[PDB]
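Peer 1: this one is an experimental structure. Sequence first:
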Amino acid sequence: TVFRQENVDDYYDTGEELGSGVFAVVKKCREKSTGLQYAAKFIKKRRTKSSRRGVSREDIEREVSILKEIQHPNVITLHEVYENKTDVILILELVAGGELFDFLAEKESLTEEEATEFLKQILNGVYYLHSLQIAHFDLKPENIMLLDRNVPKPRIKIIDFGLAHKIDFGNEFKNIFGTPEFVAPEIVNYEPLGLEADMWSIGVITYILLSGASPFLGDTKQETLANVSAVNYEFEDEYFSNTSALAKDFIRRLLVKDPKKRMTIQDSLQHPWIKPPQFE
Ligand SMILES: Nc1ncnc2c1ncn2[C@@H]1O[C@H](COP(=O)(O)OP(=O)(O)NP(=O)(O)O)[C@@H](O)[C@H]1O
């Protein structure tokens with residue numbers, strides 16, 4: 001699929017840099033015709049088929065195709081797409097309140113209610129995605145951005161669809177590996193992947209939200225991955241002594257090696273606690 005090939009600078013002015021990633025940079029921008037603000041994600045194209053630099057057109061088109069499908073309060077939407085010889089430029093909904101990662105770093109200690117308030121929104125966004133058979137495959141605090149960080153209960157949106165896939169045959173078998181700290185055992189073991197992998201990542205996020213500590217993190221990537229595959233985590237009393245047993249139950253039912261035995265997104269919403277890159 002081709003995209004708009006007019007110069008994006010004819011239509012937008014850019015400002016502050018918002019973040020960067022695998023061959024991408026994201027800049028705050030303003031559309032000239034409306035004064036409305038967006039996040040422009042400049043993704044570097046591959047210069048040759050066999051190149052390892054830049055993102056393949058197949059991978060760019062998948063991200064764009066998935067983004068075009070989604071409209072939900074807890075996910076980022078796509079406004080427009082431009083391209084030129086070197087970049088595909090995705091004009092995305094702006095999320096101005098920073099990463100959940102940075103929010104957690106600055107505050108250092110959430111209550112169960114604060115954690116649940118974030119987690120419920122994450123679960124709602126993932127419920128929408130999974131209802132559409134979209135696996136995100138890179139859920140982590142860096143990929144959950146706050147609308148406004150200066151309210152008591154910040155609203156969030158899931159970002160970064162660079163690894164997301166449609167799962168129309170229950171599982172996908174590639175070619176898919178997220179951040180070691182957050183990937184499921186099936187990712188570590190290069191097994192077929194489905195929506196269940198996101199549920200594992202939600203378990204890891206929940207553990208971090210409640211404790212400020214990462215359940216599987218070793219001193220090297222290989223150690224983290226070995227820990228993940230072995231389900232080598234525990235609830236440290238120093239961090240969890242005043243955390244409810246129900247919260248621990250929720251995490252325990254997500255951090256399960258066999259993807260078939262793991263809670264689904266629907267299970268997670270009915271759970272009594274809730275119900276009202278890989279190489280060194
Ligand atoms: N819609 C948005 N609003 C505000 N900031 C954003 C938005 N999208 C991305 N960012 C920031 O830009 C960073 C990189 O964007 P992302 O979409 O994760 O690119 P990426 O190349 O897939 N990263 P990686 O997963 O490391 O390869 C994010 O971590 C955010 O800090």
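Peer 2: Everything's here; your move. Numbering: from 1, shown residues only.
Peer 1: with just CA atoms, put the helix or strand where residue 223 lies into PDB.
Peer 2: According to DSSP states H and E, residue 223 maps onto helix 221-229. C-alpha atoms of helix 221-229 as PDB (Å, rounded to 0.1, in the frame of the first residue of the first chain):
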ATOM      1  CA  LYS A 221      19.500 -10.800  28.900                       C
ATOM      2  CA  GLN A 222      20.300 -14.500  28.900                       C
ATOM      3  CA  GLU A 223      19.700 -14.700  32.600                       C
ATOM      4  CA  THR A 224      16.400 -12.900  32.300                       C
ATOM      5  CA  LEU A 225      15.300 -15.200  29.500                       C
ATOM      6  CA  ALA A 226      16.300 -18.300  31.400                       C
ATOM      7  CA  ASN A 227      14.400 -17.100  34.400                       C
ATOM      8  CA  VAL A 228      11.300 -16.500  32.200                       C
ATOM      9  CA  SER A 229      11.400 -19.900  30.600                       C
END
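Peer 1: check which helices and strands that helix sits against.
Peer 2: helix 185-188 (3 or more C-beta pairs under 8 Å, 6 or more residues apart in numbering; DSSP states H and E). To be clear about C-beta, it is placed using only N, CA and C from the backbone, and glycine gets the same treatment.
Peer 1: if we can go back for a sec, dump the next helix or strand after the helix holding residue 223 to PDB, restricted to CA.
Peer 2: Remark: after helix 221-229, the chain's next helix or strand is helix 237-240, criterion DSSP H and E. The C-alpha coordinates for helix 237-240 follow below in PDB (Å, rounded to 0.1, in the frame of the first residue of the first chain):
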ATOM      1  CA  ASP A 237       8.200 -10.300  51.400                       C
ATOM      2  CA  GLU A 238      10.100  -7.000  51.500                       C
ATOM      3  CA  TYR A 239       8.000  -5.800  48.600                       C
ATOM      4  CA  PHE A 240       4.800  -7.700  49.000                       C
END
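Peer 1: mind listing what's buried along helix 237-240?
Peer 2: By 16 or more other C-beta atoms under 10 Å, the buried positions in helix 237-240 come out as residue 240.
Peer 1: tell me what it is packed against?
Peer 2: Packed next to helix 237-240, using 3+ C-beta pairs under 8 Å, 6+ apart, are helix 196-211.
Peer 1: quick check, the helix it packs on touching the ligand?
Peer 2: No. On the criterion C-beta under 6 Å from any ligand atom, helix 196-211 is out of touch with the ligand, staying 13.0 Å away.
Peer 1: now that helix, how far from the chain's geometric center?
Peer 2: Distance, stretch centre to chain centre, for helix 196-211: 11 Å (C-alpha atoms, centre = their mean, to the nearest Å).
Peer 1: now that helix and helix 221-229, what's the angle there?
Peer 2: 100 degrees (axes from the mean of the first three to the mean of the last three C-alpha atoms, to 10 degrees).
Peer 1: counting by contacts, list what helix 196-211 packs against.
Peer 2: helix 112-131, helix 185-188, helix 237-240, helix 245-252, helix 265-270.
Peer 1: deepest of the ones you listed, which one?
Peer 2: helix 185-188 (a mean of 21; mean count of other C-beta atoms under 10 Å).
Peer 1: can you give the distance from it to the centre of its chain?
Peer 2: 17 Å.
Peer 1: can you add distance to the ligand and give the helices and strands packed on helix 196-211 back as JSON lines?
Peer 2: Below are those laid out as JSON lines (distance: least, C-beta to the nearest ligand atom, whole Å):
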{"stretch": "helix 112-131", "distance to the ligand": "13"}
{"stretch": "helix 185-188", "distance to the ligand": "14"}
{"stretch": "helix 237-240", "distance to the ligand": "26"}
{"stretch": "helix 245-252", "distance to the ligand": "24"}
{"stretch": "helix 265-270", "distance to the ligand": "22"}
